[PDB]
Every structure is written in C-alpha cells, then in structure tokens.
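Novice: The structure file protein.cif (mmCIF, N, CA, C and O atoms) is provided below.
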data_final
#
loop_
_atom_site.label_atom_id
_atom_site.label_comp_id
_atom_site.auth_asym_id
_atom_site.auth_seq_id
_atom_site.Cartn_x
_atom_site.Cartn_y
_atom_site.Cartn_z
N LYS A 1 15.60 -11.23 138.26
CA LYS A 1 15.37 -10.12 139.18
C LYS A 1 15.63 -8.76 138.55
O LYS A 1 15.28 -7.74 139.16
N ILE A 2 16.24 -8.71 137.37
CA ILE A 2 16.49 -7.44 136.71
C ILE A 2 15.18 -6.77 136.33
O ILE A 2 14.99 -5.56 136.54
N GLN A 3 14.24 -7.54 135.77
CA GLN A 3 12.94 -6.99 135.41
C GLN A 3 12.20 -6.49 136.64
O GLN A 3 11.57 -5.42 136.60
N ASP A 4 12.25 -7.24 137.73
CA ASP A 4 11.59 -6.81 138.96
C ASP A 4 12.20 -5.52 139.49
O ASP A 4 11.48 -4.62 139.93
N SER A 5 13.53 -5.43 139.47
CA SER A 5 14.19 -4.21 139.95
C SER A 5 13.84 -3.01 139.08
O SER A 5 13.63 -1.91 139.60
N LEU A 6 13.78 -3.20 137.76
CA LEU A 6 13.42 -2.10 136.88
C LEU A 6 11.97 -1.67 137.07
O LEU A 6 11.67 -0.47 137.10
N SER A 7 11.06 -2.64 137.20
CA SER A 7 9.64 -2.32 137.35
C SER A 7 9.30 -1.79 138.74
O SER A 7 8.27 -1.12 138.89
N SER A 8 10.13 -2.07 139.74
CA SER A 8 9.87 -1.59 141.10
C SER A 8 10.44 -0.19 141.31
O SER A 8 9.70 0.74 141.67
N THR A 9 11.73 -0.02 141.09
CA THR A 9 12.36 1.28 141.26
C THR A 9 11.97 2.20 140.11
O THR A 9 12.20 1.85 138.94
N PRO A 10 11.37 3.36 140.38
CA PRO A 10 10.96 4.27 139.30
C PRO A 10 12.00 5.30 138.89
O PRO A 10 11.69 6.16 138.05
N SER A 11 13.21 5.26 139.46
CA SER A 11 14.24 6.23 139.15
C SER A 11 15.53 5.58 138.67
O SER A 11 16.60 6.20 138.73
N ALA A 12 15.46 4.33 138.20
CA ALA A 12 16.66 3.66 137.71
C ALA A 12 17.20 4.34 136.45
O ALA A 12 18.41 4.52 136.32
N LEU A 13 16.31 4.72 135.53
CA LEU A 13 16.72 5.37 134.29
C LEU A 13 16.65 6.89 134.46
O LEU A 13 15.82 7.59 133.88
N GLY A 14 17.57 7.39 135.28
CA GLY A 14 17.63 8.81 135.55
C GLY A 14 18.61 9.55 134.67
O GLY A 14 18.41 10.72 134.35
N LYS A 15 19.68 8.86 134.26
CA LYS A 15 20.67 9.49 133.40
C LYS A 15 20.09 9.82 132.03
O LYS A 15 20.36 10.89 131.47
N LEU A 16 19.30 8.90 131.46
CA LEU A 16 18.71 9.15 130.15
C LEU A 16 17.62 10.21 130.21
O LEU A 16 17.45 10.97 129.24
N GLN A 17 16.88 10.29 131.31
CA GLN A 17 15.81 11.27 131.42
C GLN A 17 16.35 12.69 131.49
O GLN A 17 15.73 13.62 130.97
N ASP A 18 17.51 12.89 132.14
CA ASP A 18 18.08 14.22 132.24
C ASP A 18 18.48 14.76 130.87
O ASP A 18 18.37 15.97 130.62
N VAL A 19 18.94 13.89 129.97
CA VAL A 19 19.36 14.32 128.64
C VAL A 19 18.19 14.95 127.89
O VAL A 19 18.32 16.01 127.27
N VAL A 20 17.02 14.31 127.95
CA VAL A 20 15.85 14.85 127.26
C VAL A 20 15.17 15.96 128.05
O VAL A 20 14.45 16.78 127.46
N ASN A 21 15.38 16.02 129.37
CA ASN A 21 14.80 17.11 130.15
C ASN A 21 15.57 18.41 129.98
O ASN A 21 14.97 19.49 130.02
N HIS A 22 16.89 18.33 129.80
CA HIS A 22 17.68 19.55 129.62
C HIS A 22 17.50 20.17 128.25
O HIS A 22 17.81 21.35 128.07
N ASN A 23 17.00 19.41 127.27
CA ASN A 23 16.82 19.91 125.92
C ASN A 23 15.43 20.48 125.68
O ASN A 23 15.16 20.96 124.57
N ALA A 24 14.55 20.45 126.67
CA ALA A 24 13.22 21.04 126.56
C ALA A 24 13.13 22.39 127.25
O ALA A 24 12.59 23.35 126.68
N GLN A 25 13.67 22.50 128.46
CA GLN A 25 13.62 23.77 129.17
C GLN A 25 14.49 24.83 128.51
O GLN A 25 14.21 26.02 128.63
N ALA A 26 15.54 24.41 127.79
CA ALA A 26 16.34 25.37 127.04
C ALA A 26 15.50 26.05 125.96
O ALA A 26 15.50 27.29 125.84
N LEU A 27 14.77 25.26 125.18
CA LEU A 27 13.87 25.83 124.18
C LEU A 27 12.75 26.64 124.84
O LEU A 27 12.33 27.67 124.31
N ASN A 28 12.27 26.17 125.99
CA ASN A 28 11.22 26.90 126.69
C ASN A 28 11.68 28.29 127.11
O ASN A 28 10.96 29.27 126.93
N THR A 29 12.89 28.39 127.66
CA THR A 29 13.42 29.71 128.01
C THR A 29 13.71 30.54 126.77
O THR A 29 13.49 31.76 126.77
N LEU A 30 14.21 29.91 125.71
CA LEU A 30 14.49 30.64 124.48
C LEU A 30 13.22 31.23 123.88
O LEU A 30 13.27 32.30 123.25
N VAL A 31 12.08 30.57 124.05
CA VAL A 31 10.83 31.10 123.51
C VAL A 31 10.14 32.04 124.51
O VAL A 31 9.40 32.93 124.09
N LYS A 32 10.38 31.87 125.81
CA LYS A 32 9.83 32.79 126.79
C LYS A 32 10.58 34.12 126.82
O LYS A 32 10.02 35.12 127.27
N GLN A 33 11.84 34.14 126.36
CA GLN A 33 12.59 35.38 126.31
C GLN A 33 12.01 36.39 125.33
O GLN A 33 12.40 37.56 125.37
N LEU A 34 11.11 35.96 124.44
CA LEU A 34 10.52 36.86 123.46
C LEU A 34 9.56 37.88 124.07
O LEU A 34 9.17 38.82 123.38
N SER A 35 9.18 37.70 125.33
CA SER A 35 8.25 38.62 125.99
C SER A 35 8.96 39.72 126.76
O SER A 35 8.30 40.50 127.45
N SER A 36 10.29 39.81 126.67
CA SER A 36 11.05 40.83 127.37
C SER A 36 11.16 42.08 126.51
O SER A 36 11.44 42.00 125.31
N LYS A 37 10.94 43.25 127.13
CA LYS A 37 10.97 44.50 126.38
C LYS A 37 12.39 44.91 126.02
O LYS A 37 12.58 45.64 125.04
N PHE A 38 13.38 44.46 126.78
CA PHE A 38 14.79 44.81 126.56
C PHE A 38 14.99 46.32 126.58
O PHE A 38 15.77 46.87 125.80
N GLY A 39 14.30 47.00 127.49
CA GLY A 39 14.41 48.44 127.60
C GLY A 39 13.86 49.20 126.41
O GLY A 39 14.45 50.20 125.99
N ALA A 40 12.74 48.75 125.85
CA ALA A 40 12.07 49.40 124.74
C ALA A 40 10.63 49.71 125.12
O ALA A 40 10.16 49.36 126.21
N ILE A 41 9.92 50.38 124.21
CA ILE A 41 8.53 50.75 124.48
C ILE A 41 7.66 49.50 124.58
O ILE A 41 6.80 49.41 125.47
N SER A 42 7.85 48.54 123.69
CA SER A 42 7.02 47.34 123.67
C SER A 42 7.82 46.19 123.07
O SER A 42 8.86 46.39 122.44
N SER A 43 7.33 44.98 123.30
CA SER A 43 7.95 43.77 122.79
C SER A 43 7.35 43.31 121.46
O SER A 43 7.72 42.24 120.96
N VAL A 44 6.45 44.09 120.88
CA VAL A 44 5.79 43.76 119.63
C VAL A 44 6.29 44.71 118.56
O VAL A 44 6.17 45.93 118.70
N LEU A 45 6.86 44.15 117.48
CA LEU A 45 7.37 44.98 116.40
C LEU A 45 6.25 45.72 115.68
O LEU A 45 6.41 46.89 115.31
N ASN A 46 5.12 45.05 115.46
CA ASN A 46 4.00 45.68 114.77
C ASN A 46 3.47 46.87 115.56
O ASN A 46 3.12 47.91 114.98
N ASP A 47 3.39 46.74 116.88
CA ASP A 47 2.94 47.85 117.72
C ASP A 47 3.88 49.04 117.60
O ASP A 47 3.44 50.19 117.49
N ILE A 48 5.19 48.79 117.62
CA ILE A 48 6.17 49.87 117.49
C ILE A 48 6.03 50.54 116.13
O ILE A 48 6.06 51.77 116.03
N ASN B 1 -6.70 43.57 110.53
CA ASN B 1 -6.52 44.83 111.25
C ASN B 1 -7.75 45.04 112.13
O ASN B 1 -8.87 45.14 111.62
N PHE B 2 -7.54 45.10 113.44
CA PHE B 2 -8.63 45.29 114.40
C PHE B 2 -8.21 46.37 115.39
O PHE B 2 -7.54 46.08 116.38
N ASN B 3 -8.61 47.61 115.11
CA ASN B 3 -8.34 48.75 116.00
C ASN B 3 -6.84 48.94 116.24
O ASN B 3 -6.40 49.24 117.35
N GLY B 4 -6.05 48.76 115.19
CA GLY B 4 -4.61 48.96 115.28
C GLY B 4 -3.85 47.74 115.75
O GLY B 4 -2.94 47.84 116.58
N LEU B 5 -4.20 46.58 115.21
CA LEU B 5 -3.56 45.30 115.51
C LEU B 5 -3.09 44.63 114.23
O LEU B 5 -3.40 43.46 113.96
N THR B 6 -2.36 45.38 113.42
CA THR B 6 -1.84 44.88 112.15
C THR B 6 -1.09 43.56 112.34
O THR B 6 -0.38 43.37 113.32
N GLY B 7 -1.29 42.65 111.40
CA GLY B 7 -0.65 41.36 111.47
C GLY B 7 -0.82 40.59 110.19
O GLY B 7 -1.18 41.15 109.15
N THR B 8 -0.56 39.28 110.26
CA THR B 8 -0.68 38.41 109.10
C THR B 8 -0.96 37.00 109.58
O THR B 8 -0.23 36.48 110.44
N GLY B 9 -1.99 36.38 109.03
CA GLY B 9 -2.35 35.03 109.40
C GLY B 9 -3.76 34.71 108.96
O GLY B 9 -4.49 35.56 108.45
N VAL B 10 -4.14 33.46 109.17
CA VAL B 10 -5.47 33.00 108.81
C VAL B 10 -6.44 33.29 109.94
O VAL B 10 -6.07 33.35 111.12
N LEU B 11 -7.71 33.49 109.58
CA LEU B 11 -8.77 33.73 110.54
C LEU B 11 -9.77 32.59 110.46
O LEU B 11 -10.22 32.21 109.38
N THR B 12 -10.12 32.03 111.62
CA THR B 12 -10.98 30.86 111.66
C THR B 12 -11.95 30.97 112.82
O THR B 12 -11.76 31.77 113.75
N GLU B 13 -13.01 30.18 112.75
CA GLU B 13 -14.02 30.15 113.80
C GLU B 13 -13.40 29.64 115.10
O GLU B 13 -12.60 28.70 115.10
N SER B 14 -13.78 30.26 116.22
CA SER B 14 -13.24 29.90 117.52
C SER B 14 -14.38 29.61 118.49
O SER B 14 -15.50 30.08 118.32
N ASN B 15 -14.06 28.82 119.51
CA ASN B 15 -15.01 28.41 120.54
C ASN B 15 -14.47 28.72 121.93
O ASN B 15 -14.73 27.98 122.89
N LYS B 16 -13.72 29.81 122.05
CA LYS B 16 -13.24 30.27 123.35
C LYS B 16 -14.33 31.08 124.04
O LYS B 16 -15.05 31.85 123.40
N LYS B 17 -14.44 30.90 125.35
CA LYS B 17 -15.48 31.55 126.15
C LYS B 17 -14.89 32.81 126.78
O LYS B 17 -14.43 32.80 127.92
N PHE B 18 -14.90 33.90 126.02
CA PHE B 18 -14.48 35.18 126.57
C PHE B 18 -15.52 35.70 127.56
O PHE B 18 -16.69 35.33 127.53
N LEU B 19 -15.07 36.59 128.43
CA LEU B 19 -15.94 37.27 129.37
C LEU B 19 -16.31 38.65 128.84
O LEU B 19 -15.62 39.20 127.98
N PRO B 20 -17.42 39.22 129.32
CA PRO B 20 -17.85 40.53 128.78
C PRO B 20 -16.80 41.62 128.92
O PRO B 20 -16.75 42.52 128.06
N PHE B 21 -15.97 41.59 129.95
CA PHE B 21 -14.94 42.60 130.13
C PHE B 21 -13.61 42.21 129.50
O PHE B 21 -12.64 42.97 129.61
N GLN B 22 -13.54 41.06 128.84
CA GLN B 22 -12.33 40.62 128.14
C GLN B 22 -12.51 40.80 126.64
O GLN B 22 -13.60 40.61 126.10
N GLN B 23 -11.42 41.17 125.97
CA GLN B 23 -11.45 41.41 124.53
C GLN B 23 -10.33 40.71 123.77
O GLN B 23 -10.53 40.39 122.59
N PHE B 24 -9.18 40.45 124.39
CA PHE B 24 -8.04 39.87 123.70
C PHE B 24 -7.59 38.60 124.40
O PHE B 24 -7.81 38.42 125.60
N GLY B 25 -6.95 37.72 123.64
CA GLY B 25 -6.37 36.51 124.18
C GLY B 25 -4.89 36.44 123.89
O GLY B 25 -4.40 37.09 122.96
N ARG B 26 -4.15 35.65 124.67
CA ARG B 26 -2.70 35.62 124.54
C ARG B 26 -2.16 34.25 124.92
O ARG B 26 -2.62 33.64 125.89
N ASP B 27 -1.19 33.77 124.15
CA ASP B 27 -0.36 32.64 124.54
C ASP B 27 0.83 33.19 125.33
O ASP B 27 0.88 34.38 125.65
N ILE B 28 1.80 32.34 125.66
CA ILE B 28 2.96 32.85 126.38
C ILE B 28 4.02 33.33 125.39
O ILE B 28 5.07 32.70 125.21
N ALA B 29 3.75 34.47 124.78
CA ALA B 29 4.77 35.20 124.03
C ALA B 29 4.57 36.71 124.10
O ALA B 29 5.32 37.43 123.44
N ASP B 30 3.59 37.20 124.86
CA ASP B 30 3.10 38.58 124.74
C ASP B 30 2.70 38.89 123.30
O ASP B 30 2.95 39.98 122.78
N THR B 31 2.08 37.92 122.65
CA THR B 31 1.60 38.04 121.28
C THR B 31 0.12 37.71 121.22
O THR B 31 -0.35 36.80 121.91
N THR B 32 -0.61 38.47 120.40
CA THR B 32 -2.05 38.27 120.29
C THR B 32 -2.36 36.89 119.72
O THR B 32 -1.73 36.42 118.77
N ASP B 33 -3.36 36.23 120.31
CA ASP B 33 -3.79 34.90 119.90
C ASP B 33 -5.25 34.85 119.48
O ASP B 33 -5.58 34.18 118.50
N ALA B 34 -6.13 35.55 120.19
CA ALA B 34 -7.54 35.61 119.85
C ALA B 34 -8.02 37.05 119.93
O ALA B 34 -7.63 37.79 120.83
N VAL B 35 -8.86 37.44 118.97
CA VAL B 35 -9.37 38.80 118.89
C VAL B 35 -10.88 38.75 118.72
O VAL B 35 -11.44 37.75 118.25
N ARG B 36 -11.55 39.83 119.12
CA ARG B 36 -12.99 39.95 119.02
C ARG B 36 -13.33 41.04 118.01
O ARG B 36 -12.74 42.12 118.03
N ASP B 37 -14.28 40.74 117.12
CA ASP B 37 -14.64 41.68 116.08
C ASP B 37 -15.26 42.94 116.68
O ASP B 37 -16.01 42.85 117.66
N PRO B 38 -14.94 44.12 116.15
CA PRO B 38 -15.58 45.35 116.66
C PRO B 38 -17.05 45.46 116.32
O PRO B 38 -17.88 45.72 117.20
N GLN B 39 -17.40 45.27 115.04
CA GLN B 39 -18.78 45.49 114.61
C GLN B 39 -19.71 44.41 115.15
O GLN B 39 -20.62 44.69 115.93
N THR B 40 -19.49 43.16 114.74
CA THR B 40 -20.22 42.05 115.33
C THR B 40 -19.50 41.55 116.57
O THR B 40 -18.29 41.75 116.75
N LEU B 41 -20.24 40.88 117.45
CA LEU B 41 -19.71 40.41 118.73
C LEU B 41 -19.53 38.90 118.64
O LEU B 41 -20.41 38.13 119.01
N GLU B 42 -18.36 38.48 118.14
CA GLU B 42 -18.03 37.07 118.05
C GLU B 42 -16.52 36.94 118.07
O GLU B 42 -15.80 37.82 117.58
N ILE B 43 -16.04 35.84 118.65
CA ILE B 43 -14.62 35.67 118.92
C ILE B 43 -13.95 34.93 117.77
O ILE B 43 -14.39 33.83 117.38
N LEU B 44 -12.90 35.52 117.22
CA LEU B 44 -12.11 34.91 116.15
C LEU B 44 -10.86 34.25 116.72
O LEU B 44 -10.52 34.40 117.90
N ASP B 45 -10.16 33.52 115.86
CA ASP B 45 -8.92 32.85 116.21
C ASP B 45 -7.87 33.16 115.15
O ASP B 45 -8.18 33.20 113.95
N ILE B 46 -6.63 33.38 115.59
CA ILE B 46 -5.54 33.77 114.71
C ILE B 46 -4.48 32.68 114.73
O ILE B 46 -4.01 32.28 115.80
N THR B 47 -4.10 32.22 113.54
CA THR B 47 -3.06 31.21 113.38
C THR B 47 -2.11 31.67 112.28
O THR B 47 -2.57 32.17 111.23
N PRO B 48 -0.79 31.54 112.46
CA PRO B 48 0.15 32.01 111.43
C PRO B 48 0.04 31.23 110.13
O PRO B 48 -0.74 30.27 110.03
N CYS B 49 0.83 31.62 109.14
CA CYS B 49 0.76 31.03 107.81
C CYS B 49 1.45 29.67 107.81
O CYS B 49 1.85 29.14 108.86
#
If you convert what's in this file into structure tokens, what do you get?
Specialist:
Amino acid sequence: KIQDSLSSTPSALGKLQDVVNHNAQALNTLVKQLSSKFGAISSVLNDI
Amino acid sequence: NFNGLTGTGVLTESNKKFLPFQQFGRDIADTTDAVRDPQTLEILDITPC
C-alpha cells in the first residue's frame, strides 16, 4: 500500500520540494533586482 | 552601436516578429535583447560573449 499511497497523494513529498523551490526564487529576485534604478538616472551603465 | 546603444556581444539572424511601431526588445533585466538596424529594416539578435 506504500506505492498506492505515494501514487495517489500528490503532496506526500512536500518537504523535499520546498528545498528546491526556495533556491530558485532567491536567484530570481537576485536577478530581477538588476532593473532597479536605486535613485539614479538609469539602470544601464552604458547609457550613463 | 545602434543610435547610441554601445555594447558588446555577437550579432546573429533573428526571427522575432516586431511590429511597425516597435523597435527594441527586452528580457527581464531592463537590458536590450533585440535591436533593429537603422539603414536596412531587419531584426537582429544580441547574445553576450
């Protein structure tokens, strides 16, 4: 019945999924922060 | 260099469908991704080194 329980319930492996989910949005925010002007004329060094 | 868009990278053929009133393309960085030639009317693609 272990195989049936694993194949039926789709949220049994939730602890392992959070570990890999928390390590993607961190990089996503770290790369999205590059579009902030930080109180400057522009966010592009070449333009400045 | 395209009308004051200094940069560095390779230029390659692109198949993006720009609109007549559109000229530039962007990924999510506020950084240029696709540019259109001034003299000829064809869409280029920019990829870093």
Novice: Which chain B residues have any atom within 12 Å of an atom of chain A, and for each, what is the nearest pair of atoms with distance in Å to one decimal, counting only C-alpha atoms, rows sorted by chain and number, as CSV?
Specialist:
residue,atom,partner,partner_atom,distance
B:1,CA,A:46,CA,11.1
B:3,CA,A:47,CA,11.4
B:4,CA,A:47,CA,8.0
B:5,CA,A:47,CA,7.3
B:6,CA,A:46,CA,6.5
B:7,CA,A:46,CA,7.2
B:8,CA,A:46,CA,10.3
B:26,CA,A:35,CA,11.4
B:27,CA,A:32,CA,10.4
B:28,CA,A:32,CA,6.9
B:29,CA,A:35,CA,5.3
B:30,CA,A:35,CA,5.3
B:31,CA,A:44,CA,7.3
B:32,CA,A:44,CA,9.6
Novice: Which distance in Å separates CA of residue 12 in chain B and CA of residue 46 in chain B, to one decimal?
Specialist: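 Going from CA of residue 12 in chain B over to CA of residue 46 in chain B covers 6.9 Å.
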Novice: Could you tell me, as a PyMOL selection string, which residues of chain B DSSP assigns to strand (DSSP E or B) when given the backbone?
Specialist: chain B and resi 10-13+24-26+32-36+43-47
Novice: Check chain A with DSSP on the backbone and list each residue it calls helix (DSSP H, G or I), as a PyMOL selection string.
Specialist: chain A and resi 2-8+14-35
Novice: Could you please determine the separation between CA of residue 36 in chain B and atom C of residue 24 in chain B in Å, to one decimal place?
Specialist: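 The value is 7.7 Å.
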Novice: Report the residues retrieved by the PyMOL selection byres ((chain B and resi 14) around 6) from the displayed file, expressed as a PyMOL selection string.
Specialist: chain B and resi 12-13+15-16+43-45
Novice: Please report the interatomic distance between CA of residue 9 in chain B and atom O of residue 39 in chain B in Å with one decimal.
Specialist: 21.7 Å
